[PDB]
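One chain comes next, on its own, written as structure tokens: the form deposited in one PDB entry.
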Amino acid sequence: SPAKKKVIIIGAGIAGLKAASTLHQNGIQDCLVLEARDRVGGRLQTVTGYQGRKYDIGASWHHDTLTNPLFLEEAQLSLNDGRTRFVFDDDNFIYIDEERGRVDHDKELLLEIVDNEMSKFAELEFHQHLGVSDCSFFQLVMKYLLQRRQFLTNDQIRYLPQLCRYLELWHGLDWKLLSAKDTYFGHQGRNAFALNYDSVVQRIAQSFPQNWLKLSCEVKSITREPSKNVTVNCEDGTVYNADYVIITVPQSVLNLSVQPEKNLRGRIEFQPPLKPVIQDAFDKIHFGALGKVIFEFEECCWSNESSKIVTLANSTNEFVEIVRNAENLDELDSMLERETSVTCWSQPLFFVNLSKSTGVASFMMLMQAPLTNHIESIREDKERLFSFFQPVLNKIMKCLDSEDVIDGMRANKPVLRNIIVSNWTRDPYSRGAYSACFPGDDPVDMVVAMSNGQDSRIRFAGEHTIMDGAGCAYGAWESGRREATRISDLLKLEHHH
């Protein structure tokens, strides 16, 4: 009765999609891709807004373009058909502070130069160091400020740590939640902003039997039959038997398995239940919440000096002094505690001025946890949002040679026609943006348990199941190629005399 399949992939993300791609590439037949949503791509979603303009509300860039297998693949096509599939939108960051204004590439602040030293500082703190406990990124930025106060001006000690935090937007975590040992990481080359990441999702989705894909099926349970087979159940009731299965649900969704309540959207009931080595890996790795807010304006009425703009939080000169007075490290850590609402200036905000990179009059901004859940929890209040960001929006426009902004959601002035927010933290099938490390996190743990699988037939792929390009789309891609290739290798023994 239950349909016989060779390999059943759970999840139509880039990971499962690539698994499905590789499988068909290796002549594996009768396969099946089961996806809860009614769309493929998963955390690679391209939405539409005002005038029909499009933006990736999930991944946007191809990182490490020097080694990124997925990118080079995408680059090969464009190099052969001349079609624009991306664009290196790296630029010189423009740093704005509420009071001061633009403190970037400054002759007396030299902020970027001390950031690199701050970076190297961190590097010397870890990179090749056994034992060295962790501590938050915030703590680390404080330690540097303390161990080097003798060579930092009053303005550096104040404005530096704020610029330093643009990193929060790489990780999706606030500097107090972020693990230092993991804050600083190398980038293998420039970034390539994807001109339709969904453009990539589809290429891969059309590379294998279209009947393999069955959307809107939420997998409730996965069972390994003592007879060496895996049975998968969709909520709608359909049941399938398959020799192998490649599980690609988000680390967050997979985590729902180590708990009671089999009525949590997304959760899969595992029989036998996930190995103790897996669930326990969950303790040492966590989830981040990178969030996005697209600010669509009517026309490009602002300076395109750059495409990367970050607004620094707020700093106080009393801080400078505390750093100027602290006798020891703990004293500083202590003191500061001195004890209130969150506003657009309570954390760094990363704005991507698409008007220079894509010729579109919109701003793609990145937020981090905790602001993400908050902003996402109220994405439906387009007014409470415009109210929230108006100040930074104005401040930015001020520095970009333009007047304040005119809310025109429902003429040389900038008009905000529409606002789009991400829903990753609220999406039961997503539960966050992607993998991230908290202080004391051995991300190597999850990767190992994951890349090794539940057993011979219950495997794992996804941004968390791989090390190289972990958290990145291309990592999830490679993970898909991986698990499929292995399955493909095992099935190769089939045609042996």
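Take the two forms, find the largest set of C-alpha atoms that superpose within 1.5 Å, and that set is the rigid core. Residue numbers here begin at 1 and follow the sequence given.
What comes next is about the form deposited in another entry, which is not displayed.
For the residues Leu354, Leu140, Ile285, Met365, superposed on the rigid core between the shown form and the other one, a C-alpha shift of 2 angstroms or more shows up only at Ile285.
A movement of the C-alpha atom of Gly432 reaching 2 angstroms or beyond is seen between the shown form and the other one when the two forms are aligned on their rigid core. Whereas the displayed form keeps them at a certain spacing, the CA atoms of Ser257 and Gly432 lie at least 3 angstroms closer in the other form.
Compared with the form shown here, the Cα atoms of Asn452 and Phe287 sit 3 Å or more farther apart in the other form.
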